[PDB]
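S.K.: Just one file: target_16.tsv, with TSV, N, CA and C atoms.
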```tsv
chain	number	residue	atom	x	y	z
V	1	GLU	N	2.39	16.28	1.64
V	1	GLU	CA	2.86	17.37	2.54
V	1	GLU	C	3.46	16.77	3.81
V	2	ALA	N	3.49	15.46	3.87
V	2	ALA	CA	4.06	14.80	5.08
V	2	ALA	C	4.69	13.45	4.70
V	3	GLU	N	5.49	13.47	3.67
V	3	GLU	CA	6.14	12.20	3.24
V	3	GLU	C	7.53	12.08	3.86
V	4	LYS	N	7.63	11.29	4.90
V	4	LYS	CA	8.96	11.12	5.57
V	4	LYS	C	9.60	9.79	5.15
V	5	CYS	N	9.08	9.20	4.11
V	5	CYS	CA	9.65	7.91	3.63
V	5	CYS	C	10.57	8.15	2.43
V	6	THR	N	11.47	7.24	2.20
V	6	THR	CA	12.42	7.40	1.05
V	6	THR	C	12.08	6.41	-0.07
V	7	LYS	N	12.25	5.15	0.21
V	7	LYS	CA	11.97	4.12	-0.84
V	7	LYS	C	10.61	4.43	-1.54
V	8	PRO	N	10.45	4.00	-2.79
V	8	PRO	CA	9.20	4.23	-3.53
V	8	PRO	C	8.03	3.47	-2.88
V	9	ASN	N	6.83	3.77	-3.32
V	9	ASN	CA	5.63	3.07	-2.75
V	9	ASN	C	5.57	3.24	-1.22
V	10	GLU	N	6.37	2.48	-0.52
V	10	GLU	CA	6.38	2.59	0.97
V	10	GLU	C	6.32	4.06	1.40
V	11	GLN	N	5.13	4.51	1.68
V	11	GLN	CA	4.96	5.93	2.12
V	11	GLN	C	4.36	5.95	3.51
V	12	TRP	N	4.40	7.08	4.15
V	12	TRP	CA	3.83	7.14	5.51
V	12	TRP	C	2.35	6.82	5.49
V	13	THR	N	1.96	5.91	6.33
V	13	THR	CA	0.52	5.56	6.41
V	13	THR	C	0.15	5.31	7.87
V	14	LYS	N	-0.77	6.08	8.37
V	14	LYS	CA	-1.16	5.90	9.79
V	14	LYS	C	-1.71	4.48	10.03
V	15	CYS	N	-2.76	4.14	9.33
V	15	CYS	CA	-3.35	2.77	9.51
V	15	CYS	C	-2.86	1.83	8.41
V	16	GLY	N	-1.92	0.99	8.75
V	16	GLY	CA	-1.40	0.03	7.73
V	16	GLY	C	-2.13	-1.30	7.84
V	17	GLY	N	-1.43	-2.37	7.57
V	17	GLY	CA	-2.06	-3.72	7.66
V	17	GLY	C	-2.27	-4.32	6.27
V	18	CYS	N	-3.50	-4.35	5.84
V	18	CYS	CA	-3.80	-4.93	4.50
V	18	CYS	C	-3.64	-3.88	3.40
V	19	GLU	N	-4.12	-4.21	2.23
V	19	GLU	CA	-4.02	-3.24	1.10
V	19	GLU	C	-4.95	-3.67	-0.05
V	20	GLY	N	-4.52	-3.45	-1.26
V	20	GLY	CA	-5.35	-3.84	-2.44
V	20	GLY	C	-4.49	-4.57	-3.48
V	21	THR	N	-5.15	-5.23	-4.40
V	21	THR	CA	-4.39	-5.97	-5.46
V	21	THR	C	-4.79	-5.44	-6.84
V	22	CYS	N	-4.17	-5.97	-7.86
V	22	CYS	CA	-4.52	-5.51	-9.24
V	22	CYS	C	-5.90	-6.03	-9.61
V	23	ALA	N	-6.53	-6.67	-8.66
V	23	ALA	CA	-7.90	-7.22	-8.90
V	23	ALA	C	-8.86	-6.76	-7.80
V	24	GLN	N	-8.30	-6.40	-6.67
V	24	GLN	CA	-9.15	-5.93	-5.53
V	24	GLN	C	-8.52	-4.70	-4.89
V	25	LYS	N	-8.66	-3.59	-5.55
V	25	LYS	CA	-8.08	-2.34	-5.01
V	25	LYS	C	-8.40	-2.22	-3.51
V	26	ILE	N	-9.47	-2.85	-3.09
V	26	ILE	CA	-9.86	-2.79	-1.65
V	26	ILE	C	-10.12	-4.20	-1.10
V	27	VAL	N	-9.32	-4.61	-0.16
V	27	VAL	CA	-9.52	-5.96	0.45
V	27	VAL	C	-10.31	-5.80	1.78
V	28	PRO	N	-11.34	-6.63	2.01
V	28	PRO	CA	-12.11	-6.51	3.26
V	28	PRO	C	-11.23	-6.77	4.47
V	29	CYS	N	-11.13	-5.80	5.33
V	29	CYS	CA	-10.29	-5.98	6.54
V	29	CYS	C	-10.89	-5.21	7.71
V	30	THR	N	-11.20	-5.93	8.74
V	30	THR	CA	-11.80	-5.29	9.95
V	30	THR	C	-10.88	-4.18	10.48
V	31	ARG	N	-11.05	-3.87	11.74
V	31	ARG	CA	-10.21	-2.80	12.35
V	31	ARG	C	-8.78	-3.30	12.58
V	32	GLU	N	-8.26	-4.02	11.63
V	32	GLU	CA	-6.87	-4.54	11.78
V	32	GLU	C	-5.87	-3.56	11.15
V	33	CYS	N	-5.82	-2.36	11.67
V	33	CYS	CA	-4.88	-1.35	11.11
V	33	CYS	C	-3.54	-1.41	11.84
V	34	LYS	N	-2.48	-1.65	11.11
V	34	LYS	CA	-1.14	-1.71	11.77
V	34	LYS	C	-0.76	-0.29	12.27
V	35	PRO	N	0.14	-0.21	13.24
V	35	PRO	CA	0.56	1.09	13.77
V	35	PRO	C	1.13	1.98	12.64
V	36	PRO	N	1.27	3.26	12.91
V	36	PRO	CA	1.81	4.21	11.92
V	36	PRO	C	3.23	3.81	11.49
V	37	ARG	N	3.45	3.80	10.20
V	37	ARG	CA	4.81	3.42	9.69
V	37	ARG	C	4.83	3.49	8.16
V	38	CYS	N	6.01	3.61	7.61
V	38	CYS	CA	6.12	3.66	6.12
V	38	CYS	C	5.65	2.33	5.53
V	39	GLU	N	4.71	2.40	4.62
V	39	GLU	CA	4.20	1.13	4.01
V	39	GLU	C	3.40	1.42	2.74
V	40	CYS	N	2.76	0.40	2.22
V	40	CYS	CA	1.95	0.59	0.98
V	40	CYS	C	0.71	1.45	1.27
V	41	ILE	N	0.12	1.98	0.22
V	41	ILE	CA	-1.10	2.84	0.42
V	41	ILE	C	-2.17	2.50	-0.63
V	42	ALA	N	-3.23	1.89	-0.20
V	42	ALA	CA	-4.31	1.53	-1.16
V	42	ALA	C	-5.11	2.77	-1.56
V	43	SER	N	-5.30	3.65	-0.61
V	43	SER	CA	-6.08	4.89	-0.90
V	43	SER	C	-5.41	5.72	-2.01
V	44	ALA	N	-4.17	5.43	-2.29
V	44	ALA	CA	-3.46	6.20	-3.36
V	44	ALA	C	-3.57	5.48	-4.70
V	45	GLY	N	-3.49	4.17	-4.66
V	45	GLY	CA	-3.58	3.39	-5.94
V	45	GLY	C	-2.48	2.33	-6.00
V	46	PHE	N	-1.88	2.04	-4.88
V	46	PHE	CA	-0.80	1.00	-4.88
V	46	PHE	C	-1.42	-0.39	-4.73
V	47	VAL	N	-0.91	-1.34	-5.48
V	47	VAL	CA	-1.46	-2.73	-5.40
V	47	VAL	C	-0.34	-3.74	-5.16
V	48	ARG	N	-0.68	-4.83	-4.54
V	48	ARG	CA	0.35	-5.87	-4.27
V	48	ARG	C	0.33	-6.93	-5.38
V	49	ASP	N	1.40	-6.99	-6.13
V	49	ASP	CA	1.47	-8.01	-7.22
V	49	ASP	C	1.21	-9.39	-6.64
V	50	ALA	N	0.80	-10.30	-7.49
V	50	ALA	CA	0.51	-11.69	-7.00
V	50	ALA	C	1.66	-12.19	-6.12
V	51	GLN	N	2.83	-11.70	-6.39
V	51	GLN	CA	4.00	-12.15	-5.57
V	51	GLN	C	4.08	-11.33	-4.28
V	52	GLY	N	2.98	-10.71	-3.94
V	52	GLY	CA	2.96	-9.88	-2.71
V	52	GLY	C	3.94	-8.71	-2.84
V	53	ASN	N	4.00	-8.13	-4.02
V	53	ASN	CA	4.94	-6.98	-4.23
V	53	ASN	C	4.18	-5.65	-4.28
V	54	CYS	N	4.40	-4.83	-3.30
V	54	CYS	CA	3.69	-3.51	-3.26
V	54	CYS	C	4.21	-2.61	-4.39
V	55	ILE	N	3.38	-2.37	-5.36
V	55	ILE	CA	3.81	-1.50	-6.50
V	55	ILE	C	2.62	-0.72	-7.07
V	56	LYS	N	2.91	0.42	-7.63
V	56	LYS	CA	1.82	1.24	-8.24
V	56	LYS	C	0.87	0.36	-9.05
V	57	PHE	N	-0.31	0.87	-9.32
V	57	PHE	CA	-1.29	0.08	-10.12
V	57	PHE	C	-0.79	-0.08	-11.56
V	58	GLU	N	-0.15	0.95	-12.07
V	58	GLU	CA	0.36	0.88	-13.47
V	58	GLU	C	1.57	-0.06	-13.55
V	59	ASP	N	2.18	-0.31	-12.43
V	59	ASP	CA	3.37	-1.22	-12.44
V	59	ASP	C	2.92	-2.68	-12.49
V	60	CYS	N	1.69	-2.87	-12.87
V	60	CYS	CA	1.15	-4.26	-12.95
V	60	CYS	C	1.55	-4.92	-14.29
V	61	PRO	N	1.54	-6.25	-14.34
V	61	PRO	CA	1.89	-6.98	-15.57
V	61	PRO	C	1.03	-6.51	-16.75
V	62	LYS	N	1.15	-7.19	-17.85
V	62	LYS	CA	0.35	-6.80	-19.05
V	62	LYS	C	-1.09	-7.28	-18.90
```
Turn this file's structure into C-alpha cells for me.

M.R.:
Amino acid sequence: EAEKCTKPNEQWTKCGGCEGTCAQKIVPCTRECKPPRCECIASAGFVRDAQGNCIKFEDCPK
C-alpha cells in the first residue's frame, strides 16, 4: 500500500542495512538500520545471492 519503488526487489524499507541469504533469512545485526530508502527486504523473503545479489528466495540457484 506504499510501494514507491520501481525496480524489482528494491522496495521501500524504513530500516535498511543488512538482510538475509539463501542460508540465513535473518542475519544478526545490531541497531545498524540504514535510513529510509528503496532496498532489499528480508521481512518479505528476499535473499542476497552469494554474489551479494538481492533477489527473491525462489530466485535462488538449484

S.K.: Please report the interatomic distance between atom N of residue 29 of chain V and atom C of residue 1 of chain V in Å with one decimal.

M.R.: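 One can read the atom N of residue 29 of chain V to atom C of residue 1 of chain V distance as 26.9 Å.
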
S.K.: Would you compute the distance between atom CA of residue 32 of chain V and atom CA of residue 57 of chain V? Give it in Å to one decimal.

M.R.: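 Atom CA of residue 57 of chain V lies at a distance of 23.1 Å from atom CA of residue 32 of chain V.
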
S.K.: Taking a cut-off of 6 Å and counting only N, CA and C atoms, can you build a table that, for each residue of segment 17-59 of chain V near segment 5-9 of chain V, reports the nearest atom pair and how far apart they are in Å (one decimal), sorted by chain then residue number, as JSON lines?

M.R.:
```
{"residue": "V:39", "atom": "C", "partner": "V:9", "partner_atom": "C", "distance": 4.9}
{"residue": "V:40", "atom": "CA", "partner": "V:9", "partner_atom": "C", "distance": 5.0}
{"residue": "V:41", "atom": "N", "partner": "V:9", "partner_atom": "C", "distance": 5.8}
```

S.K.: Quote the spacing between atom CA of residue 11 of chain V and atom CA of residue 56 of chain V in Å to one decimal place.

M.R.: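 About the pair atom CA of residue 11 of chain V and atom CA of residue 56 of chain V: they are 11.8 Å apart.
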
S.K.: Smallest atom-to-atom distance to residue 59 of chain V: which of V:10, V:27, V:47, V:37, using all atoms listed in the file?

M.R.: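 Nearest candidate to residue 59 of chain V out of V:10, V:27, V:47, V:37: V:47.
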
S.K.: Residues within 6.5 Å of residue 34 of chain V, please, as a list in words. Count all atoms listed in the file; anything in the same chain fewer than 3 positions from it doesn't count.

M.R.: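 That gives residues 14, 15, 16, 17, 18 and 37 of chain V.
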
S.K.: Could those selected residues go to a file with N, CA and C atoms, as an mmCIF file, in the frame of the given file?

M.R.:
```cif
data_model
loop_
_atom_site.group_PDB
_atom_site.id
_atom_site.type_symbol
_atom_site.label_atom_id
_atom_site.label_comp_id
_atom_site.auth_asym_id
_atom_site.auth_seq_id
_atom_site.Cartn_x
_atom_site.Cartn_y
_atom_site.Cartn_z
ATOM 1 N N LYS V 14 -0.770 6.080 8.370
ATOM 2 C CA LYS V 14 -1.160 5.900 9.790
ATOM 3 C C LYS V 14 -1.710 4.480 10.030
ATOM 4 N N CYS V 15 -2.760 4.140 9.330
ATOM 5 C CA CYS V 15 -3.350 2.770 9.510
ATOM 6 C C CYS V 15 -2.860 1.830 8.410
ATOM 7 N N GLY V 16 -1.920 0.990 8.750
ATOM 8 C CA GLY V 16 -1.400 0.030 7.730
ATOM 9 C C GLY V 16 -2.130 -1.300 7.840
ATOM 10 N N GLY V 17 -1.430 -2.370 7.570
ATOM 11 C CA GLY V 17 -2.060 -3.720 7.660
ATOM 12 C C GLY V 17 -2.270 -4.320 6.270
ATOM 13 N N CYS V 18 -3.500 -4.350 5.840
ATOM 14 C CA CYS V 18 -3.800 -4.930 4.500
ATOM 15 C C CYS V 18 -3.640 -3.880 3.400
ATOM 16 N N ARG V 37 3.450 3.800 10.200
ATOM 17 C CA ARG V 37 4.810 3.420 9.690
ATOM 18 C C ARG V 37 4.830 3.490 8.160
#
```
